[PDB]
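Visitor: give me a 3D structure for the following:
(chains A and B, ligands or ions: 10)
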Amino acid sequence: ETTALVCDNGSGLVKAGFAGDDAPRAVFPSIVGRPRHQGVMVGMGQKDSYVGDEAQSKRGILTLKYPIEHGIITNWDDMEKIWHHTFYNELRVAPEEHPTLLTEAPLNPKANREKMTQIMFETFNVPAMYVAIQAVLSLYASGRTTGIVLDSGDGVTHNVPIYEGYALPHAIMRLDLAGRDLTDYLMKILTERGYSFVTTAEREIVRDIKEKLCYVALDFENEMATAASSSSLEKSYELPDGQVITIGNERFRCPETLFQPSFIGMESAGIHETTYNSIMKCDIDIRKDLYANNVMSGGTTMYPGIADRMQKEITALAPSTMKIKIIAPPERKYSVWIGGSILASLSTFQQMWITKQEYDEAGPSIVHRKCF
Amino acid sequence: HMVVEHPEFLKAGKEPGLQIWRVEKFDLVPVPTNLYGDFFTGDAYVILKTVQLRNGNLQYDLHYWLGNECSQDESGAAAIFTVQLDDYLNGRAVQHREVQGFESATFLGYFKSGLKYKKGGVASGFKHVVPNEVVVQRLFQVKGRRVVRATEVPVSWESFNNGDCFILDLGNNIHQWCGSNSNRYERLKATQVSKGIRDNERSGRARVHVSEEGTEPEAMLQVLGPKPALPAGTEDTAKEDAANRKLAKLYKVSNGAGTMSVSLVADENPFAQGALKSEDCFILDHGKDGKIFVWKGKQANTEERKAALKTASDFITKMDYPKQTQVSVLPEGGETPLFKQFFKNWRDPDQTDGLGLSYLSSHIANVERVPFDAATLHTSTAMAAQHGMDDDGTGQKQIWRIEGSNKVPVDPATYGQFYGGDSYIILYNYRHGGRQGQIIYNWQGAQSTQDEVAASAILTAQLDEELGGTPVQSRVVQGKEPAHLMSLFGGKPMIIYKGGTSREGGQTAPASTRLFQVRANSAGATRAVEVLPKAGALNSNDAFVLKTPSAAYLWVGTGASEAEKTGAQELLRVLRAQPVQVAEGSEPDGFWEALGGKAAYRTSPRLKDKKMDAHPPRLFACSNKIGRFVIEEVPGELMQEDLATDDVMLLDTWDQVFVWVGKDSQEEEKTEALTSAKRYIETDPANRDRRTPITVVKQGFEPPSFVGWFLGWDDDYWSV
Ligand SMILES: Nc1ncnc2c1ncn2[C@@H]1O[C@H](COP(=O)(O)OP(=O)(O)O)[C@@H](O)[C@H]1O
Ligand SMILES: [Ca+2]
Ligand SMILES: [Ca+2]
Ligand SMILES: [Ca+2]
Ligand SMILES: [Ca+2]
Ligand SMILES: [Ca+2]
Ligand SMILES: [Ca+2]
Ligand SMILES: [Ca+2]
Ligand SMILES: [Ca+2]
Ligand SMILES: [Ca+2]
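Guide: Residues are numbered from 1 along each chain as shown, chains lettered A, B, ... in the order given. Ligands and ions are numbered 1, 2, ... in the order given. This is the structure:
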């Protein structure tokens, strides 16, 4: 009768809600804001730290810190603040009578996995918990069981091939290039037009500019020649102090770090070579449906024209007899939460729950054996 | 089995006896006769016995004997000489390995007196080297204003001053020491010479340290000693530039004039790199500190090289150079960077000019603009079909339907009766003798929502793993079934209802007036889907079933196959009703008032025609979203989701090729698709009419001739 909670803790956003629902109830960015100026007016409502949307609404006077940097968790006290905020303030529910499903990127360090257990049974005292791979939840949310998932969020970008509902560990690939790196690259290349953005609040503004006014060019050199020859690609954006900036070719140069990582100085290959080498390390008979079931997940796959560019690049690399289908659902920003929400609400799921009893007879090592 | 012609092998194995050889510095010497039967403990031996047989042939036997103190070269040479002596013979010999103290009993049998061993032996032919060893301790003073040069100075603190720069070379560590009063150019020359000594003399197996006054490391203070007070430094004038200008003499050695010739090329450095001709041999004489470089060309004769070495050795005693002078022999492309400093702008062949370019290790697609040829469409129709589904599908199966968050079994009287808005799992057992086996099908309806299809996938994976992983899965959507899945019900049609269960509404009640459309392919697999009951939804190729709460109607068009009529009457027995067998063109008024309409259903003369099993209608997708324009097939029969809004579509019906464009399809897609459709018409193998008409169809405005080929048209599919 108790409703389970699903809490996808990404690097940039937290998507939390109840199992069985179609949409996550609370979506808020995973930041901790602390004051950096001198408070002169007494009384009032000054707090030592602000979490979530309250930190976004007051970000002009706050320094902002992300607890998660490139997937791994650096600060655990701030992550406990994030979990306390999403339990008590957003979902407004007591977590000692709801089992909680958590998500995790693959090829993570193992020391996080028991440590995520080490808070959840000791501070919040959940009755049960489970850790699931994000890519298999994205594949389940599409209604598929075999396919390759390109999951790209704010911290990492990983290709995971899944056959018969199980990820193949010898072909999962990780690329440390995602939305925060594209935001930093866009801060770097907006200095060419004379705009300076160095503050973390200005980093949030440039992230908003990247969300509103960026797209993937179908071919890079012809689009650069088009942007050089005219001004039809220029767009204007209004800063919150009323200043209007104009961006031209920088609309499409910032997604191109996904396909050419050498812009930010990385020797590693693009996402299409990563998908091709991830497919090539699988067995010969199952390569037919991996090319035909290529789903995309995460917020960084939300640019216009990313699927056409991906099909163009994979088609040039694959043999010509193969059939290529890049699958881009419109709900792919929250596909991890939808797969977790359906997977937690099943009546056949209530024996894979890691309850309190086996945890406190087994210690913080039960998560390495029950969560595959 | 290449033979060898060693001259001592000619006396081996010609008369019956016993022959012994000893290895001395990669060669065999036969030991004398009265030294037979005894061996040195630090040498290697080759033993031969040849034996005459009764039948006339002459057998052979090789042994090779190794002592416990022999080196690697002696034992290896003994093994290789044993192999080569077998190859000199016609492979008729057997080889044995003999170790000192562990000999075979047959090896003891050859010698009459026995085996006795002495200490000592001949020395090994190897000379000892260590891989990657340098033992170097030198010191260089670099000095100058314009013409900066390096000069070797003895390793002491008294050789140092404050106005020059110094390079202390200690093998794997190179220390660069810059004076306080040193200028810009000799610092740059010190850096250049230090990086040259690292990357060329030592091939990068070194580390260059840069130091100044007060920051000397422990290595320099350990080698040189405690640091005295430095005796300042003279200001860099122009007289020592002239002194650096007169340090080397470049000479030529060449037999191009038909005789011996040692002639002066230059005595003024910086020299020209082009002066080093490739057909001759040149000599640089920086012999004040004791260096003479002999530079050999690639196209120089051998006597020129020996004459150059002889002349360089003759320069030792003539000009009275000190007795440590090194004659360094340098080929082309292998020059020491102490040789390179006397030349104006030395150019290695793979240098970077300007800023240079990066390699980037990864490239994007730059495919050439080829025009696409449409004749590859109807030709090369490769198809894989099934791999293990050879049975006709009687079997033993279990069908589950997903409601909410749990699956239930369906009723066993209702196998082939699915709901369009639900999701199903079908477990199937092979009775076939091909090692049995199990198939799990995951059927997903078109009207089914996200929660049902996600739960169907998760329960499909769970049902696969809890049976041990032996069954294989197959995701299937509505309209795209394989032939084996249609054969699971045993000649029955697949009945698809409208509506289904949900988490908030439960099972939907069926409508009072229900209309059913029956299709059958060329093979015989047959569907019967529920459609909304209007008079305009009738297809003249098809068989339709009308269920009213007064009576029932079975309407047959002129294009209906017999499988469609059998599926229609099977659906009548499913719905428990008795039809009256309505035919096309002879409909009663009761049928038309049951539909609530009069006329204007889907009619074309191609849909009138009976013959369609031999010629299926073929649907094609035209796009240029990968940059190159491609037409592809779509497998399976025709529904809404095959029609892509962003792409152009072609339908071939053997008498009229439909071209269908979306709302947001590009116009060059349309025009070059028209040309591709035309070229597809002329290139077909069975000759057809060249004036087959091309009709352009817009999205939302389709004629019934186009619509009638689609199973279950929805008018409000694209409209939100
Ligand atoms: N419309 C958009 N266009 C481009 N990028 C977007 C868009 N919406 C979100 N993003 C990026 O997606 C990232 C977060 O994606 P998501 O995977 O949903 O969260 P998380 O990475 O925290 O799991 C953000 O860094 C944001 O920059
Ligand atoms: Ca994520
Ligand atoms: Ca020896
Ligand atoms: Ca032999
Ligand atoms: Ca000087
Ligand atoms: Ca010559
Ligand atoms: Ca439903
Ligand atoms: Ca299996
Ligand atoms: Ca038919
Ligand atoms: Ca298109």
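Visitor: confirm that residue B:139 sits in a strand.
Guide: Yes: counting by DSSP: H, G, I helix; E, B strand; the rest coil, residue B:139 is found in a strand.
Visitor: who are the contact partners of the residue lying closest to residue B:321 once chain neighbours are set aside?
Guide: Distances taken as CB to CB, 6 or more residues apart in numbering or on different chains place residue B:287 nearest to residue B:321, at 4.4 Å, with adjacent residues excluded. All C-beta spots, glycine's among them, are computed from the backbone N, C-alpha and C. Applying CB atoms under 8 Å, 6 or more residues apart in numbering or on different chains, we find residue B:287 in contact with B:315, B:319, B:321, B:325.
Visitor: for residue 28, which non-adjacent residue is closest in space?
Guide: Chain wasn't specified; assuming chain A. Closest to residue A:28 by CB to CB, 6+ apart is residue A:52, at 4.2 Å.
Visitor: you looked at the wrong chain, it should be chain B
Guide: Residue B:28's closest residue in space is residue B:21 (CB to CB, 6+ apart), at 4.4 Å.
Visitor: neighbours around the one you found, how many?
Guide: 23 (other CB atoms under 10 Å in any protein chain shown).
Visitor: please identify the helix or strand for it.
Guide: strand B:17-23 (DSSP states H and E).
Visitor: in its sheet, what does the helix or strand following that strand sit against?
Guide: The helix or strand immediately downstream of strand B:17-23 is strand B:28-30, counting by DSSP H and E. Strand pairing for strand B:28-30, determined by DSSP bridges: strand B:17-23 (antiparallel).
Visitor: mind listing what's buried in the partner strand?
Guide: B:19-23 (16 or more other CB atoms under 10 Å in any protein chain shown).
Visitor: which residue does chain A bring closest to ligand 5?
Guide: Among all residues of chain A, residue A:265 sits closest to ligand 5, at 39.8 Å; criterion: CB to the ion.
Visitor: for residue B:404, see how far away that residue is.
Guide: According to CB to CB, to the nearest Å, residue A:265 stands 52 Å off from residue B:404.
Visitor: residue contacts, the residue nearest to residue B:360 when sequence neighbours are not counted?
Guide: Excluding its sequence neighbours, the residue lying closest to residue B:360 (CB to CB, 6+ apart) is residue A:262, at 5.0 Å. For residue A:262, the contact set (CB under 8 Å, 6+ apart) comprises B:358, B:360-362.
Visitor: do residue B:449 as well
Guide: Contacts of residue B:449 by CB under 8 Å, 6+ apart are B:421, B:502.
Visitor: and if you look at residue B:94?
Guide: B:60-62.
Visitor: how near is the most centrally placed residue in chain B to ligand 4?
Guide: By CA atoms, centre = their mean, chain B has its centre lying nearest to residue B:362, at 12.6 Å. Distance of residue B:362 to ligand 4, given as CB to the ion, to the nearest Å: 55 Å.
Visitor: element containing that residue?
Guide: Using DSSP H and E, no helix or strand contains residue B:362.
Visitor: grab the nearest non-local neighbour of it.
Guide: Going by CB to CB, 6+ apart, residue B:362 has residue A:269 as its nearest residue, at 4.5 Å.
Visitor: other SSEs contacting whatever helix or strand residue A:135 lives in?
Guide: Element membership for residue A:135 (DSSP H and E) is helix A:134-141. Counting contacts by 3 or more CB pairs under 8 Å, 6 or more residues apart in numbering or on different chains; DSSP states H and E, helix A:134-141 packs against strand A:100-104, strand A:147-152, strand A:157-163, strand A:166-167, strand A:294-297, helix A:335-344, helix B:450-465.
Visitor: mind putting these into a markdown table with distance to ligand 6 and mean neighbour count?
Guide: Listed next are those as a markdown table, based on distance: least, CB to the ion, whole Å; neighbours: other CB atoms under 10 Å in any protein chain shown:
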| stretch | distance to ligand 6 | mean neighbour count |
| --- | --- | --- |
| strand A:100-104 | 74 | 21 |
| strand A:147-152 | 65 | 26 |
| strand A:157-163 | 62 | 24 |
| strand A:166-167 | 69 | 17 |
| strand A:294-297 | 66 | 26 |
| helix A:335-344 | 76 | 28 |
| helix B:450-465 | 80 | 23 |
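Visitor: between the ones you listed, which gets nearest to ligand 10?
Guide: So among the helices and strands packed on helix A:134-141, strand A:294-297 is nearest, using CB to the ion, at 18.6 Å.
Visitor: got the phi and psi for the residue lying closest to residue B:598 once chain neighbours are set aside?
Guide: Excluding the flanking residues, the one nearest residue B:598 by CB to CB, 6+ apart is residue B:592, at 6.0 Å. When quoted as degrees, to the nearest 10, the phi and psi of residue B:592 stand at phi -70, psi -40.
Visitor: do the same with residue A:236
Guide: phi -110, psi 140.
Visitor: part of a helix, is residue B:106?
Guide: Yes: counting by three-state DSSP, residue B:106 is part of a helix.
Visitor: most neighbours of all the contacts of residue A:262, which one?
Guide: residue B:362 (16 neighbours).
Visitor: can you map out the helices along the stretch 251-400 of chain B?
Guide: B:302-318, B:375-378 (DSSP state H, counting those that start in this stretch).
Visitor: as JSON lines, these with distance to residue B:83 and mean neighbour count would be great.
Guide: Output for the helices of the stretch 251-400 of chain B, formatted as JSON lines (distance: least, CB to CB, whole Å; neighbours: other CB atoms under 10 Å in any protein chain shown):
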{"stretch": "helix B:302-318", "distance to residue B:83": "35", "mean neighbour count": "15"}
{"stretch": "helix B:375-378", "distance to residue B:83": "59", "mean neighbour count": "15"}
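Visitor: quick one: closest of those to residue A:80.
Guide: helix B:375-378 (61.5 Å; CB to CB).
Visitor: ok and the residue in chain A nearest ligand 6?
Guide: residue A:267 (47.4 Å).
Visitor: number of nearby residues for residue B:91?
Guide: Around residue B:91 there are 8 residues (other CB under 10 Å).
Visitor: cool, and residue B:386?
Guide: Neighbours around residue B:386, by other CB under 10 Å: 9.
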